[PDB]
Amino acid sequence: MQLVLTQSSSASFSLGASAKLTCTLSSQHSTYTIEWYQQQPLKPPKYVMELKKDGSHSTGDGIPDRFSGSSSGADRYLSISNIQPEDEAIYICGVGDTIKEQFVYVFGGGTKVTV
Amino acid sequence: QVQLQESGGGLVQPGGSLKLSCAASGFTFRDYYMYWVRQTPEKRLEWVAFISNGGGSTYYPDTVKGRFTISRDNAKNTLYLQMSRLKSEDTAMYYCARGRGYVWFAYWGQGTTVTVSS
Amino acid sequence: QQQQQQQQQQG
């Protein structure tokens with residue numbers, strides 16, 4: 001099957017609240033490590049974190065500790081504890097597969113987070 | 001501090017061509033893999049090219065393989081993207097990116113827009 | 001299922 005990423009629906013949040021964003025890998029690739037990206041209006045996307053199958057993760061630079069991740073089978077979650085106006089952005093997940101015969105990299109369709 | 005700045009975008013027509021540039025700094029350019037990623041008007045992100053640190057290898061998704069050509073000049077700390085036989089679908093904001101660890105797109109530039117008319 | 005392929009970005 002094709003390597004695809006399906007992202008949870010767009011939703012609004014209230015300051016201080018907690019958010020959980022979902023990105024689902026195609027079943028045949030449920031063990032894959034993915035990446036979360038955050039893009040604010042008219043800004044380049046920004047690397048947030050790398051999330052593995054066991055849920056372990058490492059965030060990029062400039063990412064508040066109120067950002068964490070976890071997994072559940074094929075699902076990869078981006079958790080945002082507390083929340084601030086600056087978290088308002090489009091969150092996109094991506095997944096790479098450096099297969100020698102041919103490289104692949106897919107992005108999900110993004111999840112717009114309002115606050 | 002790692003910085004990447006693209007340029008070269010502008011208005012073009014289907015079947016035409018143009019070449020984009022990315023001036024890199026804040027790191028040793030010849031040691032990292034480089035990439036081009038684009039964002040359509042619909043805001044969908046899409047990987048379009050990969051080139052190894054010394055220019056030895058390149059990869060492209062099927063949508064541009066055969067039309068686009070990624071290259072680099074390590075002495076000039078510059079990455080390039082030759083876009084040929086342009087298509088309406090090539091209209092997008094083009095980003096230059098560098099990786100870190102196993103993450104492909106650790107650093108992004110500001111982008112340059114390529115608009116294919118007609 | 002399929003095993004994911006990765007590479008170190010610096011060399």
# chains A, B, ... in the order shown; residues from 1 in each chain; ligands from 1
call {"tool": "interface_residues", "arguments": {"of": "chain C", "to": "chain A", "cutoff": "9 Å", "atoms": "only C-alpha atoms", "output": "PyMOL selection string"}}
result
chain C and resi 1-7
call {"tool": "write_last_selection", "arguments": {"atoms": "C-alpha atoms", "output": "mmCIF file, in the first residue's frame"}}
result
data_model
loop_
_atom_site.group_PDB
_atom_site.id
_atom_site.type_symbol
_atom_site.label_atom_id
_atom_site.label_comp_id
_atom_site.auth_asym_id
_atom_site.auth_seq_id
_atom_site.Cartn_x
_atom_site.Cartn_y
_atom_site.Cartn_z
ATOM 1 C CA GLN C 1 5.241 -4.737 7.923
ATOM 2 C CA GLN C 2 7.757 -2.477 6.166
ATOM 3 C CA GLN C 3 10.894 -1.314 7.987
ATOM 4 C CA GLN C 4 11.539 2.416 7.670
ATOM 5 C CA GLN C 5 14.787 3.607 6.087
ATOM 6 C CA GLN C 6 16.713 6.579 7.500
ATOM 7 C CA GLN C 7 20.050 8.374 7.071
#
call {"tool": "closest_atom_pairs", "arguments": {"of": "chain B", "to": "chain C", "cutoff": "6 Å", "atoms": "only C-alpha atoms", "output": "JSON lines"}}
result
{"residue": "B:31", "atom": "CA", "partner": "C:11", "partner_atom": "CA", "distance": 5.5}
{"residue": "B:32", "atom": "CA", "partner": "C:10", "partner_atom": "CA", "distance": 4.8}
{"residue": "B:33", "atom": "CA", "partner": "C:9", "partner_atom": "CA", "distance": 5.7}
{"residue": "B:99", "atom": "CA", "partner": "C:9", "partner_atom": "CA", "distance": 5.4}
{"residue": "B:100", "atom": "CA", "partner": "C:9", "partner_atom": "CA", "distance": 5.3}
{"residue": "B:101", "atom": "CA", "partner": "C:8", "partner_atom": "CA", "distance": 5.3}
{"residue": "B:102", "atom": "CA", "partner": "C:8", "partner_atom": "CA", "distance": 5.0}
call {"tool": "write_last_selection", "arguments": {"atoms": "N, CA, C and O atoms", "output": "mmCIF file, in the first residue's frame"}}
result
data_model
loop_
_atom_site.group_PDB
_atom_site.id
_atom_site.type_symbol
_atom_site.label_atom_id
_atom_site.label_comp_id
_atom_site.auth_asym_id
_atom_site.auth_seq_id
_atom_site.Cartn_x
_atom_site.Cartn_y
_atom_site.Cartn_z
ATOM 1 N N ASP B 31 28.934 19.596 4.327
ATOM 2 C CA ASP B 31 28.713 18.412 5.155
ATOM 3 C C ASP B 31 27.275 17.920 5.217
ATOM 4 O O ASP B 31 27.034 16.779 5.617
ATOM 5 N N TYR B 32 26.319 18.753 4.828
ATOM 6 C CA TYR B 32 24.927 18.333 4.919
ATOM 7 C C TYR B 32 24.149 18.065 3.648
ATOM 8 O O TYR B 32 24.427 18.607 2.577
ATOM 9 N N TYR B 33 23.153 17.205 3.802
ATOM 10 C CA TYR B 33 22.253 16.868 2.722
ATOM 11 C C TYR B 33 21.365 18.100 2.613
ATOM 12 O O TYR B 33 21.077 18.731 3.623
ATOM 13 N N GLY B 99 18.972 19.281 6.874
ATOM 14 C CA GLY B 99 18.574 18.353 7.913
ATOM 15 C C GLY B 99 19.421 18.355 9.171
ATOM 16 O O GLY B 99 20.353 19.154 9.323
ATOM 17 N N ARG B 100 19.073 17.451 10.082
ATOM 18 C CA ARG B 100 19.785 17.289 11.342
ATOM 19 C C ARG B 100 19.439 15.933 11.937
ATOM 20 O O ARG B 100 18.272 15.597 12.128
ATOM 21 N N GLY B 101 20.469 15.160 12.244
ATOM 22 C CA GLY B 101 20.260 13.842 12.798
ATOM 23 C C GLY B 101 19.649 13.010 11.697
ATOM 24 O O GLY B 101 20.237 12.860 10.633
ATOM 25 N N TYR B 102 18.462 12.475 11.947
ATOM 26 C CA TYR B 102 17.777 11.671 10.954
ATOM 27 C C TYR B 102 16.606 12.453 10.372
ATOM 28 O O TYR B 102 15.913 11.979 9.468
#
call {"tool": "residues_around", "arguments": {"residues": "segment 64-77 of chain A", "least_positions_apart": "3", "cutoff": "6 Å", "atoms": "only C-alpha atoms", "output": "ChimeraX atom specification"}}
result
/A:21-25,30,55,80-81
call {"tool": "write_last_selection", "arguments": {"atoms": "N, CA, C and O atoms", "output": "PDB file, in the first residue's frame"}}
result
ATOM      1  N   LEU A  21      -3.260  16.457  18.938  1.00  0.00           N
ATOM      2  CA  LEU A  21      -3.381  16.415  17.485  1.00  0.00           C
ATOM      3  C   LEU A  21      -2.966  15.031  17.017  1.00  0.00           C
ATOM      4  O   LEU A  21      -1.962  14.489  17.473  1.00  0.00           O
ATOM      5  N   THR A  22      -3.735  14.460  16.102  1.00  0.00           N
ATOM      6  CA  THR A  22      -3.452  13.124  15.611  1.00  0.00           C
ATOM      7  C   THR A  22      -2.985  13.040  14.154  1.00  0.00           C
ATOM      8  O   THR A  22      -3.466  13.761  13.284  1.00  0.00           O
ATOM      9  N   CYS A  23      -2.047  12.132  13.910  1.00  0.00           N
ATOM     10  CA  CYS A  23      -1.515  11.871  12.577  1.00  0.00           C
ATOM     11  C   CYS A  23      -1.437  10.346  12.464  1.00  0.00           C
ATOM     12  O   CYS A  23      -0.716   9.704  13.215  1.00  0.00           O
ATOM     13  N   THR A  24      -2.188   9.771  11.532  1.00  0.00           N
ATOM     14  CA  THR A  24      -2.217   8.321  11.363  1.00  0.00           C
ATOM     15  C   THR A  24      -1.447   7.816  10.152  1.00  0.00           C
ATOM     16  O   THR A  24      -1.712   8.214   9.019  1.00  0.00           O
ATOM     17  N   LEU A  25      -0.502   6.920  10.407  1.00  0.00           N
ATOM     18  CA  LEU A  25       0.299   6.315   9.358  1.00  0.00           C
ATOM     19  C   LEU A  25      -0.514   5.210   8.704  1.00  0.00           C
ATOM     20  O   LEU A  25      -1.409   4.653   9.327  1.00  0.00           O
ATOM     21  N   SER A  30       2.959   1.425  10.154  1.00  0.00           N
ATOM     22  CA  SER A  30       2.702   1.819  11.537  1.00  0.00           C
ATOM     23  C   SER A  30       3.898   1.849  12.486  1.00  0.00           C
ATOM     24  O   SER A  30       3.767   2.314  13.608  1.00  0.00           O
ATOM     25  N   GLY A  55       6.767   6.000  20.949  1.00  0.00           N
ATOM     26  CA  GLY A  55       6.350   7.295  21.459  1.00  0.00           C
ATOM     27  C   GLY A  55       7.468   8.210  21.919  1.00  0.00           C
ATOM     28  O   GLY A  55       7.222   9.373  22.225  1.00  0.00           O
ATOM     29  N   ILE A  80      -0.061  19.365  23.341  1.00  0.00           N
ATOM     30  CA  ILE A  80       0.264  20.729  23.727  1.00  0.00           C
ATOM     31  C   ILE A  80      -0.412  21.028  25.064  1.00  0.00           C
ATOM     32  O   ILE A  80      -1.601  21.358  25.096  1.00  0.00           O
ATOM     33  N   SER A  81       0.335  20.896  26.162  1.00  0.00           N
ATOM     34  CA  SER A  81      -0.206  21.174  27.494  1.00  0.00           C
ATOM     35  C   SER A  81      -0.258  22.682  27.648  1.00  0.00           C
ATOM     36  O   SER A  81       0.581  23.396  27.091  1.00  0.00           O
TER      37      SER A  81
END
call {"tool": "residues_around", "arguments": {"residues": "segment 7-9 of chain B", "least_positions_apart": "2", "cutoff": "6 Å", "atoms": "only C-alpha atoms", "output": "JSON, numbers by chain"}}
result
{"B": [20, 21, 112, 113, 114]}
call {"tool": "interface_residues", "arguments": {"of": "chain B", "to": "chain A", "cutoff": "7 Å", "atoms": "only C-alpha atoms", "output": "PyMOL selection string"}}
result
chain B and resi 44-47+59+61+105-106+108-110
call {"tool": "write_last_selection", "arguments": {"atoms": "N, CA, C and O atoms", "output": "mmCIF file, in the first residue's frame"}}
result
data_model
loop_
_atom_site.group_PDB
_atom_site.id
_atom_site.type_symbol
_atom_site.label_atom_id
_atom_site.label_comp_id
_atom_site.auth_asym_id
_atom_site.auth_seq_id
_atom_site.Cartn_x
_atom_site.Cartn_y
_atom_site.Cartn_z
ATOM 1 N N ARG B 44 -0.629 22.780 0.913
ATOM 2 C CA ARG B 44 -0.158 21.421 1.103
ATOM 3 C C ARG B 44 1.364 21.401 0.907
ATOM 4 O O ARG B 44 1.873 21.969 -0.055
ATOM 5 N N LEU B 45 2.094 20.772 1.827
ATOM 6 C CA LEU B 45 3.552 20.676 1.704
ATOM 7 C C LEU B 45 3.936 19.497 0.812
ATOM 8 O O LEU B 45 3.268 18.464 0.813
ATOM 9 N N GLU B 46 5.010 19.654 0.048
ATOM 10 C CA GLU B 46 5.430 18.598 -0.854
ATOM 11 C C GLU B 46 6.929 18.590 -1.139
ATOM 12 O O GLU B 46 7.491 19.549 -1.664
ATOM 13 N N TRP B 47 7.573 17.492 -0.769
ATOM 14 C CA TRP B 47 8.999 17.334 -0.981
ATOM 15 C C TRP B 47 9.248 17.250 -2.484
ATOM 16 O O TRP B 47 8.504 16.581 -3.187
ATOM 17 N N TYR B 59 17.514 12.682 -5.674
ATOM 18 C CA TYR B 59 16.261 11.933 -5.741
ATOM 19 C C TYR B 59 15.126 12.941 -5.917
ATOM 20 O O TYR B 59 15.203 14.077 -5.458
ATOM 21 N N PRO B 61 10.535 13.136 -6.447
ATOM 22 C CA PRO B 61 9.294 12.359 -6.426
ATOM 23 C C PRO B 61 8.872 12.325 -7.898
ATOM 24 O O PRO B 61 9.398 13.103 -8.698
ATOM 25 N N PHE B 105 14.044 17.733 7.318
ATOM 26 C CA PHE B 105 13.803 19.164 7.302
ATOM 27 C C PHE B 105 13.897 19.825 8.659
ATOM 28 O O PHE B 105 12.891 20.209 9.252
ATOM 29 N N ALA B 106 15.131 19.969 9.131
ATOM 30 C CA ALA B 106 15.404 20.577 10.421
ATOM 31 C C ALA B 106 15.373 22.093 10.308
ATOM 32 O O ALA B 106 14.852 22.775 11.192
ATOM 33 N N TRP B 108 14.593 25.505 7.610
ATOM 34 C CA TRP B 108 13.934 25.978 6.397
ATOM 35 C C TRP B 108 14.337 27.414 6.104
ATOM 36 O O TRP B 108 14.722 28.144 7.010
ATOM 37 N N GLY B 109 14.238 27.814 4.838
ATOM 38 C CA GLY B 109 14.552 29.180 4.455
ATOM 39 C C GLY B 109 13.252 29.957 4.492
ATOM 40 O O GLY B 109 12.259 29.454 5.016
ATOM 41 N N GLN B 110 13.241 31.165 3.933
ATOM 42 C CA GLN B 110 12.037 31.989 3.932
ATOM 43 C C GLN B 110 11.106 31.689 2.774
ATOM 44 O O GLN B 110 9.919 32.034 2.822
#
call {"tool": "select_by_dssp", "arguments": {"residues": "chain A", "states": "helix (DSSP H, G or I)", "output": "JSON, numbers by chain"}}
result
{"A": [27, 28, 29, 85, 86, 87]}
call {"tool": "write_last_selection", "arguments": {"atoms": "N, CA and C atoms", "output": "PDB file, in the first residue's frame"}}
result
ATOM      1  N   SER A  27      -1.419   1.635   7.750  1.00  0.00           N
ATOM      2  CA  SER A  27      -1.146   0.400   8.485  1.00  0.00           C
ATOM      3  C   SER A  27       0.174  -0.288   8.153  1.00  0.00           C
ATOM      4  N   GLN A  28       0.473  -0.431   6.868  1.00  0.00           N
ATOM      5  CA  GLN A  28       1.712  -1.077   6.441  1.00  0.00           C
ATOM      6  C   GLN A  28       2.962  -0.357   6.937  1.00  0.00           C
ATOM      7  N   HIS A  29       2.797   0.848   7.472  1.00  0.00           N
ATOM      8  CA  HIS A  29       3.945   1.614   7.941  1.00  0.00           C
ATOM      9  C   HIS A  29       3.794   2.105   9.375  1.00  0.00           C
ATOM     10  N   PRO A  85      -1.586  31.968  22.763  1.00  0.00           N
ATOM     11  CA  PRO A  85      -1.991  32.472  21.456  1.00  0.00           C
ATOM     12  C   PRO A  85      -0.972  32.094  20.382  1.00  0.00           C
ATOM     13  N   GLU A  86       0.303  32.047  20.764  1.00  0.00           N
ATOM     14  CA  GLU A  86       1.368  31.721  19.819  1.00  0.00           C
ATOM     15  C   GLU A  86       1.341  30.283  19.307  1.00  0.00           C
ATOM     16  N   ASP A  87       0.466  29.453  19.863  1.00  0.00           N
ATOM     17  CA  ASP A  87       0.377  28.073  19.409  1.00  0.00           C
ATOM     18  C   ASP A  87      -0.548  27.992  18.213  1.00  0.00           C
TER      19      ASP A  87
END
call {"tool": "closest_residue", "arguments": {"among": "A:84, A:89, A:7, A:114", "to": "residue 38 of chain A", "atoms": "only C-alpha atoms"}}
result
A:89
call {"tool": "atom_distance", "arguments": {"atom1": "atom CA of residue 73 of chain B", "atom2": "atom CA of residue 30 of chain B"}}
result
8.9 Å
call {"tool": "atom_distance", "arguments": {"atom1": "atom CA of residue 60 of chain B", "atom2": "atom CA of residue 104 of chain B"}}
result
14.0 Å
call {"tool": "residues_around", "arguments": {"residues": "residue 79 of chain B", "least_positions_apart": "2", "cutoff": "9 Å", "atoms": "only C-alpha atoms", "output": "VMD selection string"}}
result
chain B and resid 6 20 to 24 34 to 35 70 to 74 76 to 77 81 96
